[PDB]
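Residue numbers (UniProt numbering), protein chains in the order written: chain A, 46 to 262; chain B, 4 to 241; chain C, 7 to 246; chain D, 8 to 123, 133 to 241; chain E, 60 to 260; chain F, 35 to 236; chain G, 29 to 241.
Down below is the structure, laid out as structure tokens.
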Amino acid sequence: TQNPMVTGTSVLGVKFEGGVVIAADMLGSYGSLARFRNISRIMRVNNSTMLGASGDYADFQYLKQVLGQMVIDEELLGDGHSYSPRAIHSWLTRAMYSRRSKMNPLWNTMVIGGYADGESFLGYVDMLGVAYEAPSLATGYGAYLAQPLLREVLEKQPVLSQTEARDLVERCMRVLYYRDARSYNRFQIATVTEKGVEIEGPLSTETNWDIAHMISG
Amino acid sequence: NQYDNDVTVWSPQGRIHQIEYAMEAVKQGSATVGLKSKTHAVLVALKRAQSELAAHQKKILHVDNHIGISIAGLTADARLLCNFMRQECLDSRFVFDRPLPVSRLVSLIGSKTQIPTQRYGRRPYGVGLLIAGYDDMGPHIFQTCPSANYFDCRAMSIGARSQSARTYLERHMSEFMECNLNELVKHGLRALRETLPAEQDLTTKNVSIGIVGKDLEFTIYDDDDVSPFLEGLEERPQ
Amino acid sequence: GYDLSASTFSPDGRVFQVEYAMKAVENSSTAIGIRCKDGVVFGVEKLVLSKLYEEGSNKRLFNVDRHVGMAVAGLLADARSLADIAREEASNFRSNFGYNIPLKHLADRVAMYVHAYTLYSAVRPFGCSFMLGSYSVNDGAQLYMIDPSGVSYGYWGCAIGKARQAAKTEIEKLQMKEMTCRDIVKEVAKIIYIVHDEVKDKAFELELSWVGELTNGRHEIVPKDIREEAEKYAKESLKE
Amino acid sequence: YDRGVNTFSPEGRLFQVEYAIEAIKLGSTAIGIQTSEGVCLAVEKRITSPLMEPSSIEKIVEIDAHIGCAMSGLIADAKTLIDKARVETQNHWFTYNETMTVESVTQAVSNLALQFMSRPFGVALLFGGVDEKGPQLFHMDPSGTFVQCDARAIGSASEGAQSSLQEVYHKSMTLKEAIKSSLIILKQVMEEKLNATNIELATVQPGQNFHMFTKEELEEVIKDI
Amino acid sequence: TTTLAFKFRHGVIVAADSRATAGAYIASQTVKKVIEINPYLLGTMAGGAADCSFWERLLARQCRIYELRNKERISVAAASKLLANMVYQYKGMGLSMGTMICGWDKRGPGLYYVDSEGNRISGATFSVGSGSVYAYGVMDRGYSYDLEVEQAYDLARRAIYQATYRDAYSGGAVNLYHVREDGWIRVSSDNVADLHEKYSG
Amino acid sequence: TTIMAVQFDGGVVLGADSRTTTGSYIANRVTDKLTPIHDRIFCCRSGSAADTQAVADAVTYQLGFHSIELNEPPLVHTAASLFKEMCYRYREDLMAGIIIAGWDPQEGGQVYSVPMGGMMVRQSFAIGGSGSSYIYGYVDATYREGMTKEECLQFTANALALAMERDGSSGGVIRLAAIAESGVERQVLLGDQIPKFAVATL
Amino acid sequence: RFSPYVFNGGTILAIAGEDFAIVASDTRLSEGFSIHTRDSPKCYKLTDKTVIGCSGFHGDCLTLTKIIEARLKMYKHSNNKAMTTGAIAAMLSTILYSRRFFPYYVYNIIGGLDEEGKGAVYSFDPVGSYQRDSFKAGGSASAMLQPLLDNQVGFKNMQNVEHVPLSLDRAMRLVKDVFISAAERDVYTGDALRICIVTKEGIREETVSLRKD
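Spelled out as structure tokens, the structure:
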């Protein structure tokens, strides 16, 4: 993929006590056109891992197809071994570096969340193979708009609850719908705990437009 | 009689005799023993020297920080398969940054050795392996066969005169689980001693030990690092 | 002679290598499979040669997909290989067409891979027969068996191995088209206990697997509480 | 079962690989001895005519400034494996900028015997050199089997020479004494008058490189016999 | 960068700067630009340091194998044509190398200039780098095949000094070698700030 | 180009214009951009004619072989997936926008759009081409779930008429097609049959 | 259009002594004018005697270290010993020239112990030209750190001075003083300072905070 055609904007991520949460809008934009408005960009990887992606949706479908068969083939052996989230993270970093090195990249930037053996995982991988780990992520214009809100809370309270993390996520999406132009007020949230991967349906933020009456004000 | 000179030929009774003959090459190597507790997995071998004034042949090999093998059969097949294992483990650490499970390595070994059994112009691998490792499912002991078959085991001995060690292990299986490391190594050494004549006994020169566990990478103890494990053996009469 | 290659005919149009490869299946332990009204059930007579082998070694029931199971009898390395081929067939099918492979189609694709080994001088035929079994809401329950020659037929009940005759003579008694899976489990265990001979070979393990409504098109090993409840019925029905 | 290297005997044997071993006894005998002062190598040349220049009979060769080889068996196999060892010792220098050990040279040269080329190599080699671990002597066999040895004899009269080394060897020797012992053993397995053209001799000490002896240095040890 | 080499009665002299540079920044001032290929051959570095080092180490790897196979030390012309034919297979791909091969063989003192473009020239005077033009003058007015050894040392030292004085990408120390029939020998490593004092007053 | 597809309970409806341009010259004014892949699976074709025609022929080959060797009628998802693999594996070499509409016993009437990059997504109504930009609002303000065959034909004709009236690279004839278990009906609207809308005079 | 490189900040430093060796780095990772994370150290332990620093494009930093870790195990398998600092350096010199026409945009510094216990520092280019040194800086602030090291370690442009050898306690204070100043003028030098000391007894680590601006 040398140029993207149908794209997805920011994905968010933040840890909490006993899990991770990811959020992403349900839009695929064709340039400046909102063309597909009920696509899911969050993926149901095995019960310890989930995935969300920004960028070219076709490449995200390709990865959705490959990882699915990987996980299936892992399940078919039946021997008590499963791919941790860190393994999926490393495999994606390799898969994108190898495509970068052939100049046929995968035009994606994604957020991996997981929970295994009591510790949480949140990971990043770019088109080029740049990967890292943080308690808070945001791709695209999220990195300018939302991540300042996540970090400011995680320096005054490094350990969060599921409820506070959900509130913070919804606040960040409220800001992204305001100041990003390729956004949409219908999004999904996915969460990992010991219970596993639980995706929520189309969610909307309530928006305030009181500043519109300040012409003379 | 005359369905024997090729591996792609069945007999009227439904057998391939070249594979059965390759299995007889494991009986030509020195004896090895493998056993496991719930925390550790042990391999003890008995090394053999060609000339008296030379060094003893090395029987145990390092494959990764959590897997190791002891070999009985042809040396060349062992040296090829060990180099296969090592690269298959490096390939797993490179991609996933995790250690490769042992079941998924022995499955690959079987898939590899199955080809010479079916296509002509290649020889069956005349080497048997006992594979000791430790992963997220505990300790493991695996036997691998020239027939491209493999078994998961509580304990096993292979090589010349290994039925004695097998008979020993078969009546002490009920103890190995809650045994500590010293007792487990001693059971292995006694099963190995049961393969010798009454003339000979175990010695620093002709004993190698390989251990892997939760808090222990695969280490090998060869000549003077073995003498802690020998101290404690009852001097058996006959 | 006329019986040393699979590229060779005899004066009466027979290929004896392919028959000698079936002679190897006849000398292996017995597996059966029965197609119920709402699923399929596999049972295997798993022999334990030594007490040093763990409980779970030499598994002869394989998961080839998340809706397909496989039971084998013959050479076991050959069976593991053919399982690996049956897995990449179903993998590439989903990769190219985007849905789960049917079993009539998977059976054909594996049968042809097996038949290709009956034509050449550089290879022998496979030394294993095997059954496949699936369940779907549209396609329903299905059971196919594949032989070394490359033949593939559908079944309501089938057996492979030593006690093939003795096992089908018991399976025809069953009115399998009326019953459910939990009731056919008892029958599967009963047949495996009837045909097993303790004097001809040592103790054995019973190995079972399922696919149907009660697993939601997911091929599963039978739980322990049901396998024991069927092994008990097998013992109590041996009073005959 | 005897012909072909892809065919097992009913007892699990490879008779072609053993017949490759039997091709070593058709070569003249060579001896290698360890010592904490260094290693020695001593061989018979088997000159067939006074017309042939015996310096064109390469039975001891330099692999590097710290490793020397002695061979017995087929000439072609030896040329191949010696070129392999020389190339590997320098690829190692190019990559890591250090000296390969004798164990690793032997390990890398034995890996070609693990390739059925369609025929086993009909040649055995002794590798004598000095490493971080001191002087080391190794022995490679057509099966690709290699092992450290304190003293080893290969070739025609390997049995008697080995049956003498086990008596004259101890792990306290000097190099001048081991050189004397090797030539005394070599004297007894020859129906030709030992002289300074019927033998080669080399040494590899720690503070000195590989050094093949000369006619002068050879005669000055033949005299004390 | 500045290198020079001339062959005279008593062998070949080799001198060089010690500076490396990435644009305007001075990364290193302790660089060994004379490459000890073998105990009987010397090289130089000008252009791609990674190209100079890699391909001359590869040259050493072939020279040693030559000596082992043939039991004779290679010639200087052969050693030069190996390198030339090796770097000619990467012509236009973007290698940058300028290097002199110096040594003594059965023909006498030898000096050969090899470039990645494909030049291969024999001569009695060469200089390579940005400061080559500033060394050529001094080394041309001061040359004589009948020079003495200390005079040759002084000439090379002062030519490198005068080249470092003007050129901006040249400086540091002056590492001087001497090729002979018994191999080569390192002579000096003199900081330019030292020689400034003695050659001023 | 202006292509369009709609699903109702029984099956689907398809629609397309008839213009093929080379710059501003109309090379073919009676083009047939509807294409039978199978008995009950159709393709609405947009983009480069060469690339899309070739992809259609290849997918027809694939699906015929597949359906004969299975001996059951193929799915719409299957053809859509083959289109996806070809349009994604050769996305740097093809300019191909596709809509796949048809009927299948398992899931019934289905609509799958496969834009240039080769992503696939099921839809209730799908519009594609160069004139869809001018009717993205009309089809959103007029679509209603629960429409029958005739109401969907009306909807699809009214939309394409507008897209043809405004788009320069679209015009001529509205080629419709309805697909269901019974069969495949095909209409051709031309002249006064094409819907007319008020053009302001003041 | 697609450019396959990006500069993710980074700064690395190494000093050698007679019985020790330090390799230090910042922990900030950047992307243009933004900050990815403030916990991403550029130092990696290879053996008990050797440490490496890596700065530049982060994908190559991740790939190359894995390649090195996979080559160390192969060396140990074939030669039955762990590698030396010079052998690792000369191997990396070839691993880098393997990509002479598509290089690893990585600035490398190795720091460890010689074979008699002395310190050793090897500095690399992206294409494998290496150089043993006493001290070297690398990364975005390399132009800012090396003058003060030339002064306070090499004793350059300072007359009538005590040419005392650098002890560990002095070197560590010096290492902290240079990052404290590079965090004031360089915008890529960031949040924390990791310092990995190498000695005959093993390898330590120390974290020291810097200003988050």
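Where a beta carbon is used, it is the ideal one built from N, C-alpha and C, also for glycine.
**Asked** The alpha helix (DSSP H) with residue 162 of chain D in it runs from where to where?
**Response** Per DSSP, residue 162 of chain D belongs to no alpha helix (DSSP H); it is in the beta strand (DSSP E), 162 to 164.
**Request:** Compare the Cα-Cα distances from residue 82 of chain C to each of C:167, C:215, C:189, C:174 and report the closest residue.
**Result:** C:167
**Prompt:** Does the Cβ of residue 132 of chain D have 16 or more other Cβ atoms within 10 Å, making it buried, or fewer, making it exposed?
**Reply:** Looking at chain D, the numbering goes 123 and then 133, which leaves residue 132 of chain D without any coordinates in this model.
**Asked** Just reading off the alpha helix (DSSP H) that residue 194 of chain C is part of, what are its end residues?
**Response** 187 to 201
**Message:** Taking the alpha-carbon of residue 198 of chain C as reference, which of C:172, C:151, C:183 has the nearest alpha-carbon?
**Reply:** C:172
**Request:** Could you spell out where the alpha helix (DSSP H) holding residue 199 of chain E opens and where it closes?
**Result:** 191 to 200
**Item:** Supposed close pair residue 128 of chain C, residue 6 of chain B - CB separation, criterion 8 angstroms
**Value:** The pair is not a contact, with the Cβ atoms about 17 angstroms apart (cut-off 8 angstroms).
**Meets three-Cβ-pair contact criterion under 8 angstroms: the stretch 149 to 157 of chain B and the stretch 58 to 68 of chain C** = yes
**Message:** Does any residue of chain B have a CB that is nearer than 8 angstroms to the CB of residue 101 of chain G?
**Reply:** yes
**Request:** Name, please, each residue of chain C whose Cβ falls closer than 7 angstroms to the Cβ of residue 121 of chain B.
**Result:** 129, 130
**Message:** Using DSSP's beta-bridge definition, name the partner residues of residue 168 of chain E.
**Reply:** E:163
**Request:** Using a Cβ-Cβ cut-off of 8 angstroms, state whether residue 173 of chain B counts as contacting chain C.
**Result:** yes
**Message:** Classify residue 137 of chain G: buried if its beta carbon has 16 or more other beta carbons within 10 angstroms, exposed otherwise.
**Reply:** buried
**Request:** Closer than 8 angstroms, Cβ to Cβ, to anything on chain C: give me those residues from the stretch 156 to 170 of chain B, in chain order.
**Result:** 156, 157, 158, 159, 169
**Prompt:** Smallest Cα separation from residue 224 of chain A: which of A:123, A:233, A:185?
**Reply:** A:185
**Asked** Start and end of the alpha helix (DSSP H) containing residue 70 of chain F?
**Response** Unbroken run through residue 70 of chain F is the beta strand (DSSP E), 68 to 72; no alpha helix (DSSP H).
**Prompt:** In angstroms, rounded to a whole number, what distance separates the CA positions of residue 235 of chain F and residue 44 of chain F?
**Reply:** 43 angstroms
**Prompt:** Interface residues of chain B around residue 15 of chain D at Cβ under 8 angstroms?
**Reply:** 21, 24, 25, 27, 28, 126, 127, 129
**Request:** May I have a chain-ordered list of the alpha helix (DSSP H) segments no shorter than 4 residues that lie completely inside the stretch 50 to 80 of chain B?
**Result:** none
**Asked** Whose C-alpha, out of G:34, G:65, G:41, is nearest the C-alpha of residue 195 of chain A?
**Response** G:65
**Message:** At the level of alpha carbons, what is the spacing between residue 154 of chain E and residue 129 of chain G?
**Reply:** 10 angstroms
**Request:** Look at residue 77 of chain C and residue 88 of chain C and say whether their C-beta atoms are less than 8 angstroms apart.
**Result:** no
**Item:** Cross-chain neighbours of residue 176 of chain B in chain C, by beta carbon under 9 angstroms
**Value:** 57, 58
**Message:** Taking contact to mean 3 or more Cβ pairs, one atom from each stretch, closer than 8 angstroms, check whether the stretch 169 to 177 of chain A and the stretch 204 to 211 of chain A are in contact.
**Reply:** no
**Asked** Rounded C-beta distance between residue 160 of chain G and residue 148 of chain G? I'm assuming under 8 angstroms.
**Response** 7 angstroms
**Request:** Please list the segments of the beta strand (DSSP E) lying wholly inside the stretch 82 to 156 of chain C, counting only runs of 3 or more residues, in order along the chain.
**Result:** 134 to 142, 146 to 152
**Message:** Let's see if you can read the secondary structure: which residues bound the alpha helix (DSSP H) around residue 119 of chain G?
**Reply:** 113 to 125
**Item:** Own chain partners of residue 88 of chain D with C-beta closer than 6 angstroms, once the 5 adjacent residues on each side are dropped
**Value:** 116
**Request:** Name the two residues that bound the continuous alpha helix (DSSP H) containing residue 208 of chain A.
**Result:** 207 to 224
**Item:** Residues near residue 20 of chain B by beta carbon distance below 6 angstroms, same chain, minus five either side
**Value:** 7
**Asked** Which residues in chain G sit within 7 angstroms of residue 89 of chain B, going by Cβ to Cβ distance?
**Response** 105
**Request:** Show which residues of chain B have a CB atom less than 7 angstroms away from the CB atom of residue 135 of chain A.
**Result:** 98, 99, 100
**Asked** Short check: CB of residue 74 of chain C to CB of residue 96 of chain C, under 8 angstroms?
**Response** yes
**Same chain, Cβ closer than 7 angstroms to residue 130 of chain F, neighbours up to 5 away in sequence not counted** = 81, 82, 85, 86, 89, 121, 150
**Message:** Using 8 angstroms as the threshold, is the C-beta distance between residue 211 of chain F and residue 219 of chain F below it?
**Reply:** yes
**Message:** Using beta carbons (cut-off 8 angstroms, strictly below), is residue 115 of chain G in contact with chain D?
**Reply:** yes
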